Amino acid sequence: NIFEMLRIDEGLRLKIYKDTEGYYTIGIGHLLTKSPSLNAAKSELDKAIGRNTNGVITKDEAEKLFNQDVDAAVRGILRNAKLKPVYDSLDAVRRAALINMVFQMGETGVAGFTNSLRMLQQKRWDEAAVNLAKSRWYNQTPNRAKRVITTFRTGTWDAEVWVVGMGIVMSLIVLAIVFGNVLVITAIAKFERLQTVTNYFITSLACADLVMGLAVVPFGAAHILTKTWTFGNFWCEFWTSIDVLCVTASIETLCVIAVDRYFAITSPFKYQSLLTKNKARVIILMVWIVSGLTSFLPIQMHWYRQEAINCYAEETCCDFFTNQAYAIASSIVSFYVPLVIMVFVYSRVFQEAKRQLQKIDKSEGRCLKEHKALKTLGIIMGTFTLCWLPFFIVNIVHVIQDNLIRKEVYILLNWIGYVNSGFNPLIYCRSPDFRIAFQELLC
Amino acid sequence: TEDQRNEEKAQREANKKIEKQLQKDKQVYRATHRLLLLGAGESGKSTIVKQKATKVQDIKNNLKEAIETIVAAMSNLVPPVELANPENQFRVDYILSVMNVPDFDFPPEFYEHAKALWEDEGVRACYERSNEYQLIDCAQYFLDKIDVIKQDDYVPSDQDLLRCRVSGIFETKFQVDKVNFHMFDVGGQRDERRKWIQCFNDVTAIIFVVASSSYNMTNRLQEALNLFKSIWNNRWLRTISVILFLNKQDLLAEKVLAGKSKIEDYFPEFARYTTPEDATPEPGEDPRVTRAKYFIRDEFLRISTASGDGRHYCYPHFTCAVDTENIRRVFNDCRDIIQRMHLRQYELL
Amino acid sequence: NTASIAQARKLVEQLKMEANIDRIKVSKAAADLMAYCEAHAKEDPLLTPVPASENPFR
Amino acid sequence: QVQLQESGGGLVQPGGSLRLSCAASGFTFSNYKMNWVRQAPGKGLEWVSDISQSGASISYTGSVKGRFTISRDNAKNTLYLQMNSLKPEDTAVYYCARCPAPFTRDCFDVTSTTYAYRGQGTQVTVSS
Amino acid sequence: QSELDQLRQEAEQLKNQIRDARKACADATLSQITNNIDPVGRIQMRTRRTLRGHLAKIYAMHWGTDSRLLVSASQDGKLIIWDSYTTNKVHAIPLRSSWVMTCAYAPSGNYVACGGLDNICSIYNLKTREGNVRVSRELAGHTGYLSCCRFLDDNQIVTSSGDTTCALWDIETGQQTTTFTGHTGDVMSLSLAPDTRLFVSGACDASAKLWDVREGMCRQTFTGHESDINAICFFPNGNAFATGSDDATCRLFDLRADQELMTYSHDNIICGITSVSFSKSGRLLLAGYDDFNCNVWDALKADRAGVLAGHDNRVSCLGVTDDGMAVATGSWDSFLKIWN
Ligand SMILES: Cc1ccccc1CC(C)(C)NC[C@H](O)c1ccc(O)c2c1OCC(=O)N2
């Protein structure tokens with residue numbers, strides 16, 4: 001509150017000190033006397049606090065003087081006809097800033113602000129912040145002034161290093177997902193060589209991951225920045241839906257590709273013959289259909305429905321709550337199953353690789369090489385593991401044993417999973433044609 | 001506008017049909033595996049191409065592929081062909097369903113409708129017009145033999161199999177383990193290969209058959225080695241794997257045991273060469289013969305291992321000691337080739 | 001070599017026959033080619049980009 | 001045009017030595033892999049020794065190994081085969097023929113007659 | 001004895017005499033007399049059409065004299081007859097032999113020929129009343145693959161082959177009317193005369209020969225090339241021709257001057273020329289390269305006028321419409337590109 005605000009903007013003094021004007025100040029911003037005399041302030045200190053104090057006051061007595069000076073400040077603001085309407089229109093948090101100004105320059109000093117003061121009753125925070133940005137005030141004390149102005153703008157107390165710190169990371173992620181997936185898709189669009197049937201699956205992957213860093217990820221980032229949901233209720237539902245859909249589509253698609261390669265190396269003779277275009281597209285559409293039916297339909301129908309009804313019915317409180325029944329099947333379908341399939345698949349595939357290397361060694365009289373075969377699998381499985389595993393397991397951890405889990409872990413993990421969408425283009429599109437076609441678009 | 005509006009629609013339709021059949025062609029084509037068979041001389045490379053549970057199913061495949069085409073093209077022709085028997089109606093519809101389905105079992109029900117159809121005068125009338133549309137070469141043969149193919153104990157005679165053959169006299173497309181192969185024999189070409197050898201860059205494998213006993217004669221073995229190195233280093237052939245058949249095993253054995261003609265004469269580096277450690281000599285094979293055999297094999301191997309790229313591989317073999325069956329060897333070696341195609345594509349190799 | 005003497009003989013007959021012919025100065029040949037080109041150059045669409053308005057493929 | 005004239009060669013007593021030279025022209029000698037091909041009495045042609053454009057990769061037939069050294073002069077557009085310790089089995093016609101394609105590894109020459117770029121050759125005979 | 005020696009001596013001398021006789025006519029160079037002429041400037045074409053009917057690599061194509069339809073052959077065993085304007089498929093002809101190294105379009109557009117590693121020239125009638133196009137007549141006299149061929153008319157047809165010889169056939173009789181021999185290698189390509197009086201051919205002996213359809217003998221042999229001649233095309237007036245080769249240079253030869261007038265090459269091109277052709281006027285000389293690009297040269301000044309971006313694989317074939325209104329290029333990517 002204002003106690004913290006002024007405490008930072010002023011500081012605390014339990015013993016009489018000197019302010020910028022050389023007058024006698026004590027507590028928080030409190031000026032006892034402007035008289036040059038040393039013992040003149042102590043008198044008003046004694047009449048104020050009600051004690052014989054030698055110029056040292058208790059910790060709580062400074063707060064007493066504070067509630068007092070603040071009450072009086074508000075009074076001044078009310079008796080002053082210039083600040084009255086402006087103070088009346090504003091919310092608490094901004095009122096704290098107003099009172100802070102009345103604290104620094106006094107009610108009159110704040111009254112000389114008529115422009116910005118008008119922009120406060122017109123509810124335009126940014127332009128007002130621009131007017132305030134240029135003043136002998138801001139110029140005299142840029143730091144404090146800055147924090148105050150920002151307190152006016154956003155209407156919060158946020159004015160750490162953490163806001164920008166997270167903002168930048170979220171920017172790098174939001175940028176990676178978009179540039180990457182867009183690059184892949186448009187690359188497949190403007191290059192005829194990438195039209196290969198196998199590539200269509202990876203195109204699905206690209207699309208799935210594109211909507212990730214377009215709607216889901218940016219809105220989630222802004223969500224972590226504002227510390228609350230400004231998008232409304234219906235759109236909070238829409239957004240959550242697109243979230244689940246993108247996740248499911250992503251993981252599922254990765255599994256599909258896994259199946260593609262398993263089919264390639266396992267039954268090579270049957271590969272080109274059995275798998276067709278209609279079949280492939282059918283697999284894509286199947287993926288997106290099952291992905292949508294497990295996300296949009298269940299969510300929009302309130303199938304995954306005290307804190308819960310409250311935040312739900314509340315337009316602006318967007319928070320994920322899910323019944324056990326929805327989390328078990330939701331997770332098993334969106335992650336676990338594809339995980340198992342992939343494990344068995346890339347496992348058998350690796351088996352094949354080892355086999356072929358064996359035969360080769362039998363025919364070649366010319367263990368270091370095996371590593372080259374193991375690494376690609378290590379990253380292809382690893383990136384899909386580290387990202388979505390810690391999250392999707394923690395889901396069943398929050399479902400199975402309640403109050404064993406932090407709410408920071410959930411979001412953090414979820415984001416970690418988000419990054420996979422950005423990793424896809426790098427861990428997938430490495431194909432020879434893909435690369436050339438990629439750099440040809442980069443000039 | 002005018003009539004032109006109709007003409008545009010005409011060319012549109014014709015193009016549509018062509019597109020269809022072509023769509024049917026891409027599947028079979030991509031499903032096929034092309035192989036290039038070649039050898040220097042006296043290798044009897046014409047014999048390998050000269051030489052039964054699956055064969056039956058293949059025959060049935062042909063029969064169905066015939067009937068379906070016949071009954072299907074009836075109404076698509078300008079004067080759509082009417083059946084003399086309308087009672088065969090649902091029997092046509094049936095054939096118009098089953099066509100183009102994977103792993104068809106050909107139930108006893110199928111042969112009734114098919115045979116009864118081949119009995120229909122209108123259908124046959126349609127076949128006599130086959131010259132205008134596109135139909136498989138062997139149709140009437142297997143269509144007359146339907147009742148015979150019916151029998152569960154059916155065991156196709158040699159003469160009955162000869163018709164199941166696809167093609168140029170050198171060209172061969174044969175079926176093995178339900179996997180289409182299309183071989184080409186270059187023996188009908190002169191000995192300058194640089195121009196026509198480019199013709200197969202898409203060939204899944206080059207079968208290269210060289211006589212192991214040719215080290216004496218002229219030293220045709222060194223010539224074979226040369227041809228191989230050239231094939232292996234050609235820019236258009238850099239991606240093609242060579243399945244190597246070392247022929248005339250028996251003849252090699254004879255020459256080696258005799259002693260008059262010594263490999264080390266034409267291959268001095270042999271004198272310092274010892275049989276491989278993993279060597280698996282066959283029963284009744286002098287260690288000398290085994291050593292020479294493996295020396296030749298390694299002579300072709302060192303070139304394949306010289307590149308170090310791993311885009312292609314050379315699969316050696318020994319043959320002609322006794323005829324037997326090299327088709328399976330070829331098969332497996334192709335399977336390996338393609339497996340390593342996908343494997344290398346993924347950097348898994 | 002006796003099978004070779006037929007080839008040497010016949011080849012000598014070929015060089016012999018195509019050795020005697022009427023040749024024109026290169027300058028005349030090239031001048032004539034240049035003349036043909038500078039003549040029919042107006043008849044050559046590939047030479048002058050066809051306006052998409054009048055182009056049959058556009 | 002394209003022509004290669006094999007010079008040198010002749011009658012040599014067994015154990016002796018003979019140095020074959022080949023004059024090349026009608027093409028840039030630098031870009032072509034070169035080789036020597038011999039034809040024994042009444043027998044099909046057989047490859048003897050090859051040399052890469054760079055003068056790096058050099059191969060010999062099993063027999064000629066150590067008895068034959070092929071060296072090329074690029075700037076002078078000429079090919080060289082130094083034959084030593086000649087044996088009665090070496091008697092044959094030596095043509096110096098160059099690979100068909102420029103800038104390459106492989107070769108598809110050594111066709112029986114019917115090869116575009118090959119010399120008329122020289123006759124090397126080893127007396128008995 | 002020693003007859004062969006005298007023969008080779010007379011042959012060498014003759015060669016010298018021709019060499020000098022040619023050196024005499026050499027008083028100028030086509031480059032010299034075109035020096036003043038205004039250049040074509042850099043001018044590039046565009047792709048007006050992309051035709052995809054092909055499963056495998058296209059080995060060759062040909063334009064119909066109607067300037068509309070065009071024939072193309074592919075290693076997939078299919079022979080497709082397209083319509084450039086509407087980009088449609090007028091015909092699809094399944095071949096017996098999947099490997100086909102060439103095809104040609106009759107002047108009447110009535111028949112279409114093909115050939116390849118099968119060593120046979122298959123003529124197909126497009127005018128068939130009874131139904132679709134079926135093999136009309138297949139001519140095999142060849143001991144080697146069929147590299148190239150052209151229709152004189154709907155009756156007799158000339159072909160070139162890896163058999164080392166070229167042959168003029170008669171489709172109806174099904175036999176060879178005449179046989180052209182004397183090439184020292186595979187004959188890769190041929191080009192007829194506007195009047196079909198005589199025709200040239202490129203081969204793997206790095207020399208192009210000019211033959212006569214009636215006489216059946218080679219009148220002139222032109223050698224400028226270092227390596228095999230992949231393709232050969234006549235100059236519109238008939239007095240010269242162009243050749244692509246593996247030496248990675250195209251060459252112009254004049255018949256009346258009996259020598260190469262000019263060479264089209266570049267220090268940045270080491271790859272051979274697969275195909276060539278001129279434009280209506282003959283000012284431009286187009287050549288496809290193994291590099292996947294297509295170079296447009298100036299048949300006079302020797303400078304490359306432009307290039308064709310394009311197919312991701314080697315361009316197999318190239319042609320210019322009889323009305324010189326369009327260019328077409330087939331490649332190993334199964335795609336045909338029509339340019340303007
Ligand atoms: C809305 C909000 C509020 C606070 C923090 C995060 C979020 C976003 C949320 C968690 C909804 N994102 C969806 C989450 O990634 C997800 C994806 C696929 C799934 O199958 C499930 C799933 O959630 C759990 C589950 O069992 N199923």
# chains A, B, ... in the order shown; residues from 1 in each chain; ligands from 1

call {"tool": "closest_atom_pairs", "arguments": {"of": "chain A", "to": "ligand 1", "cutoff": "7 Å", "atoms": "only C-alpha atoms and all ligand atoms", "output": "CSV"}}
result
residue,atom,partner,partner_atom_place_in_ligand_line,distance
A:240,CA,ligand 1,11 (C),5.1
A:243,CA,ligand 1,13 (C),5.3
A:244,CA,ligand 1,17 (C),4.1
A:247,CA,ligand 1,18 (C),5.1
A:248,CA,ligand 1,18 (C),5.9
A:318,CA,ligand 1,1 (C),5.9
A:319,CA,ligand 1,3 (C),3.8
A:320,CA,ligand 1,3 (C),3.9
A:322,CA,ligand 1,26 (O),6.7
A:326,CA,ligand 1,26 (O),6.5
A:327,CA,ligand 1,26 (O),3.7
A:328,CA,ligand 1,26 (O),6.7
A:330,CA,ligand 1,20 (O),4.5
A:331,CA,ligand 1,20 (O),4.7
A:334,CA,ligand 1,20 (O),4.9
A:395,CA,ligand 1,26 (O),5.8
A:410,CA,ligand 1,5 (C),6.6
A:411,CA,ligand 1,5 (C),4.9
A:414,CA,ligand 1,15 (O),5.4

call {"tool": "write_last_selection", "arguments": {"atoms": "N, CA and C atoms", "output": "PDB file, in the first residue's frame"}}
result
ATOM      1  N   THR A 240      -8.307 -21.231 -24.110  1.00  0.00           N
ATOM      2  CA  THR A 240      -7.965 -22.514 -23.497  1.00  0.00           C
ATOM      3  C   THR A 240      -8.145 -23.657 -24.504  1.00  0.00           C
ATOM      4  N   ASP A 243      -5.523 -23.842 -27.014  1.00  0.00           N
ATOM      5  CA  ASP A 243      -4.368 -24.374 -26.292  1.00  0.00           C
ATOM      6  C   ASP A 243      -4.341 -25.891 -26.376  1.00  0.00           C
ATOM      7  N   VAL A 244      -5.347 -26.512 -25.769  1.00  0.00           N
ATOM      8  CA  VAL A 244      -5.429 -27.968 -25.746  1.00  0.00           C
ATOM      9  C   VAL A 244      -5.327 -28.548 -27.157  1.00  0.00           C
ATOM     10  N   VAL A 247      -1.733 -28.463 -28.387  1.00  0.00           N
ATOM     11  CA  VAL A 247      -0.935 -29.472 -27.696  1.00  0.00           C
ATOM     12  C   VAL A 247      -1.176 -30.854 -28.299  1.00  0.00           C
ATOM     13  N   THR A 248      -2.441 -31.267 -28.295  1.00  0.00           N
ATOM     14  CA  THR A 248      -2.821 -32.576 -28.809  1.00  0.00           C
ATOM     15  C   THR A 248      -2.326 -32.764 -30.235  1.00  0.00           C
ATOM     16  N   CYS A 318      -9.053 -16.182 -15.644  1.00  0.00           N
ATOM     17  CA  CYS A 318      -8.883 -17.368 -16.494  1.00  0.00           C
ATOM     18  C   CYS A 318      -7.868 -18.278 -15.822  1.00  0.00           C
ATOM     19  N   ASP A 319      -8.359 -19.372 -15.254  1.00  0.00           N
ATOM     20  CA  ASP A 319      -7.497 -20.324 -14.564  1.00  0.00           C
ATOM     21  C   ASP A 319      -7.922 -21.744 -14.903  1.00  0.00           C
ATOM     22  N   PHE A 320      -6.950 -22.602 -15.189  1.00  0.00           N
ATOM     23  CA  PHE A 320      -7.254 -23.961 -15.614  1.00  0.00           C
ATOM     24  C   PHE A 320      -7.616 -24.850 -14.431  1.00  0.00           C
ATOM     25  N   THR A 322      -9.534 -28.722 -13.825  1.00  0.00           N
ATOM     26  CA  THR A 322     -10.014 -29.905 -14.523  1.00  0.00           C
ATOM     27  C   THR A 322     -10.349 -31.033 -13.559  1.00  0.00           C
ATOM     28  N   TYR A 326     -11.451 -35.943 -16.512  1.00  0.00           N
ATOM     29  CA  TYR A 326     -11.020 -35.311 -17.755  1.00  0.00           C
ATOM     30  C   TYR A 326      -9.502 -35.309 -17.902  1.00  0.00           C
ATOM     31  N   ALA A 327      -8.801 -35.233 -16.777  1.00  0.00           N
ATOM     32  CA  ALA A 327      -7.344 -35.176 -16.791  1.00  0.00           C
ATOM     33  C   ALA A 327      -6.725 -36.525 -17.139  1.00  0.00           C
ATOM     34  N   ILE A 328      -7.303 -37.602 -16.610  1.00  0.00           N
ATOM     35  CA  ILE A 328      -6.788 -38.941 -16.886  1.00  0.00           C
ATOM     36  C   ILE A 328      -6.805 -39.255 -18.382  1.00  0.00           C
ATOM     37  N   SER A 330      -7.690 -37.200 -20.872  1.00  0.00           N
ATOM     38  CA  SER A 330      -7.132 -36.087 -21.627  1.00  0.00           C
ATOM     39  C   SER A 330      -5.625 -36.255 -21.792  1.00  0.00           C
ATOM     40  N   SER A 331      -4.940 -36.510 -20.680  1.00  0.00           N
ATOM     41  CA  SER A 331      -3.493 -36.697 -20.699  1.00  0.00           C
ATOM     42  C   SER A 331      -3.099 -37.979 -21.424  1.00  0.00           C
ATOM     43  N   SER A 334      -3.668 -37.316 -25.165  1.00  0.00           N
ATOM     44  CA  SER A 334      -2.880 -36.235 -25.748  1.00  0.00           C
ATOM     45  C   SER A 334      -1.371 -36.469 -25.684  1.00  0.00           C
ATOM     46  N   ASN A 395       0.521 -33.528 -14.284  1.00  0.00           N
ATOM     47  CA  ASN A 395      -0.936 -33.512 -14.367  1.00  0.00           C
ATOM     48  C   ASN A 395      -1.538 -34.625 -13.515  1.00  0.00           C
ATOM     49  N   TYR A 410       3.170 -25.903 -12.576  1.00  0.00           N
ATOM     50  CA  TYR A 410       2.229 -26.223 -13.642  1.00  0.00           C
ATOM     51  C   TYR A 410       2.466 -25.347 -14.867  1.00  0.00           C
ATOM     52  N   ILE A 411       2.416 -24.036 -14.662  1.00  0.00           N
ATOM     53  CA  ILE A 411       2.610 -23.079 -15.745  1.00  0.00           C
ATOM     54  C   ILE A 411       3.995 -23.223 -16.367  1.00  0.00           C
ATOM     55  N   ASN A 414       4.167 -26.246 -18.441  1.00  0.00           N
ATOM     56  CA  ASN A 414       3.349 -26.050 -19.628  1.00  0.00           C
ATOM     57  C   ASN A 414       4.121 -25.266 -20.699  1.00  0.00           C
TER      58      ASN A 414
END

call {"tool": "select_by_dssp", "arguments": {"residues": "region 211-257 of chain B", "states": "alpha helix (DSSP H)", "output": "PDB file with C-alpha atoms, in the first residue's frame"}}
result
ATOM      1  CA  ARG B 220      39.142 -60.036 -67.541  1.00  0.00           C
ATOM      2  CA  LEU B 221      38.760 -59.831 -63.764  1.00  0.00           C
ATOM      3  CA  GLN B 222      40.776 -56.613 -63.738  1.00  0.00           C
ATOM      4  CA  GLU B 223      38.569 -55.346 -66.547  1.00  0.00           C
ATOM      5  CA  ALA B 224      35.510 -56.155 -64.425  1.00  0.00           C
ATOM      6  CA  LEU B 225      37.122 -54.319 -61.509  1.00  0.00           C
ATOM      7  CA  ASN B 226      37.664 -51.334 -63.795  1.00  0.00           C
ATOM      8  CA  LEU B 227      34.058 -51.324 -64.986  1.00  0.00           C
ATOM      9  CA  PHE B 228      32.991 -51.499 -61.358  1.00  0.00           C
ATOM     10  CA  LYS B 229      35.167 -48.612 -60.186  1.00  0.00           C
ATOM     11  CA  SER B 230      33.839 -46.562 -63.112  1.00  0.00           C
ATOM     12  CA  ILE B 231      30.226 -47.376 -62.279  1.00  0.00           C
ATOM     13  CA  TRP B 232      30.889 -46.574 -58.613  1.00  0.00           C
ATOM     14  CA  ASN B 233      32.524 -43.216 -59.361  1.00  0.00           C
ATOM     15  CA  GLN B 249      32.915 -70.498 -58.412  1.00  0.00           C
ATOM     16  CA  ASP B 250      33.638 -74.059 -59.514  1.00  0.00           C
ATOM     17  CA  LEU B 251      35.816 -72.865 -62.387  1.00  0.00           C
ATOM     18  CA  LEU B 252      37.773 -70.657 -59.988  1.00  0.00           C
ATOM     19  CA  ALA B 253      38.287 -73.639 -57.685  1.00  0.00           C
ATOM     20  CA  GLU B 254      39.584 -75.716 -60.601  1.00  0.00           C
ATOM     21  CA  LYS B 255      41.995 -73.073 -61.853  1.00  0.00           C
ATOM     22  CA  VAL B 256      43.289 -72.416 -58.335  1.00  0.00           C
ATOM     23  CA  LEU B 257      43.850 -76.064 -57.382  1.00  0.00           C
TER      24      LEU B 257
END

call {"tool": "closest_residue", "arguments": {"among": "B:140, B:204, B:32, B:324", "to": "chain A", "atoms": "only C-alpha atoms"}}
result
B:32

call {"tool": "atom_distance", "arguments": {"atom1": "CA of residue 117 (chain E)", "atom2": "CA of residue 92 (chain E)"}}
result
20.2 Å

call {"tool": "interface_residues", "arguments": {"of": "chain B", "to": "chain E", "cutoff": "7 Å", "atoms": "only C-alpha atoms", "output": "JSON, numbers by chain"}}
result
{"B": [15, 18, 26, 132, 133, 167, 168, 188, 189, 190]}

call {"tool": "interface_residues", "arguments": {"of": "chain E", "to": "chain A", "cutoff": "10 Å", "atoms": "only C-alpha atoms", "output": "count of residues only"}}
result
3

call {"tool": "residues_around", "arguments": {"residues": "region 9-24 of chain C", "least_positions_apart": "4", "cutoff": "9 Å", "atoms": "only C-alpha atoms", "output": "list in words"}}
result
residues 4, 5, 28 and 29 of chain C; 4, 7, 8, 10, 11, 14, 15, 17, 18, 21, 22, 25, 182, 218, 219, 220, 221, 255, 256, 257 and 258 of chain E

call {"tool": "atom_distance", "arguments": {"atom1": "CA of residue 325 (chain A)", "atom2": "CA of residue 386 (chain A)"}}
result
25.2 Å

call {"tool": "residues_around", "arguments": {"residues": "residue 102 (chain E)", "least_positions_apart": "3", "cutoff": "6 Å", "atoms": "only C-alpha atoms", "output": "short mmCIF file (atom, residue, chain, number, x, y, z; two decimals) with N, CA and C atoms, in the first residue's frame"}}
result
data_model
loop_
_atom_site.label_atom_id
_atom_site.label_comp_id
_atom_site.auth_asym_id
_atom_site.auth_seq_id
_atom_site.Cartn_x
_atom_site.Cartn_y
_atom_site.Cartn_z
N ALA E 60 13.01 -36.95 -73.35
CA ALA E 60 12.92 -36.19 -74.59
C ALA E 60 11.50 -35.73 -74.91
N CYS E 114 8.68 -43.34 -81.01
CA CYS E 114 9.56 -43.41 -79.85
C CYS E 114 10.61 -44.50 -80.03
N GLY E 115 11.50 -44.63 -79.05
CA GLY E 115 12.61 -45.56 -79.14
C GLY E 115 13.52 -45.39 -77.94
N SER E 147 18.70 -43.47 -80.03
CA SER E 147 19.01 -42.18 -79.42
C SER E 147 18.10 -41.05 -79.89
N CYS E 148 17.76 -41.07 -81.17
CA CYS E 148 17.03 -39.98 -81.79
C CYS E 148 16.31 -40.43 -83.06
#

call {"tool": "select_by_dssp", "arguments": {"residues": "region 5-116 of chain D", "states": "strand (DSSP E or B)", "output": "count of residues only"}}
result
47

call {"tool": "residues_around", "arguments": {"residues": "residue 66 (chain D)", "least_positions_apart": "3", "cutoff": "12 Å", "atoms": "only C-alpha atoms", "output": "VMD selection string"}}
result
(chain B and resid 268 to 269) or (chain D and resid 49 59 to 63 69 to 70 82 to 86)

call {"tool": "residues_around", "arguments": {"residues": "residue 318 (chain E)", "least_positions_apart": "2", "cutoff": "8 Å", "atoms": "only C-alpha atoms", "output": "list in words"}}
result
residues 60, 61, 275, 276, 277, 286, 287, 288, 315, 316, 320, 327, 328, 329 and 330 of chain E

call {"tool": "residues_around", "arguments": {"residues": "region 106-108 of chain B", "least_positions_apart": "5", "cutoff": "10 Å", "atoms": "only C-alpha atoms", "output": "ChimeraX atom specification"}}
result
/B:57,60-61,64,98,113,150-152
